[PDB]
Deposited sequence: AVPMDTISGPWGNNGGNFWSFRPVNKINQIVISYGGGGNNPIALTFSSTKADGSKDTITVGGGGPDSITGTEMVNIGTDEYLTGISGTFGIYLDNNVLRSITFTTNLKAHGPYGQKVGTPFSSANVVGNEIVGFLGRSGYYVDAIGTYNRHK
């Protein structure tokens, strides 16, 4: 059997469609997209840009306009180590309401407001988040991580 990186989570709900993104090189940018004219996350973009690029956007599958974004730019000596956030109701659906991206250097976020039910990965010694997986549709229904010893 061919080994694969360890999955944590996903956290969230069973709605939407499965997605997965574990690029060979480091994820160095994340874009959080909001809708509704407020701090309501509806999509996430993860990219690994070496100008050649691997990239995925999940969520944002519906008609509602993206009304704002925030960006995490991960430095050369910086790498993802944890995520946390909340799930709760947005437009009658239980979806990601806030997320934080923690690295070896700092927590980035929170992106979205502290409402709903919390989740957190285990920030563990020597571990790196090397990708993400989850579920999404119009919004982000679930998210988890791929993990590898640094």
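- Note: segment 51-52 is the sole part of the deposited sequence with no C-alpha coordinates in the structure.
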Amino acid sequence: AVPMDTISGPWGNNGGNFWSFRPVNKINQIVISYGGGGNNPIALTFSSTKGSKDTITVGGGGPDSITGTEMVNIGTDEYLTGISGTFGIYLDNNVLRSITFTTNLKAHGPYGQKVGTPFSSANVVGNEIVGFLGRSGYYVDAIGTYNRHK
From here on, numbers count along this sequence of modelled residues.
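- The stretch with the higher mean CA B factor, choosing between 114-122 and 92-100, is 114-122.
- In this entry, 65-73 has the higher mean Cα B-factor, the comparison being between 103-111 and 65-73.
- Of the candidates 82, 60, 51, 85, it is 51 whose Cα B-factor is highest according to the PDB record.
- Residue 127 sits in the highest third of its chain by CA B factor, as recorded in the PDB entry.
- For residue 2, the recorded CA B-factor ranks within the middle third of the chain. Only modelled residues enter the ranking.
- Annotation for residue 45: CA B-factor lies in the lowest third of the chain's modelled residues.
- Per the PDB record, residue ranking by Cα B-factor puts residue 55 in the lowest third of the chain.
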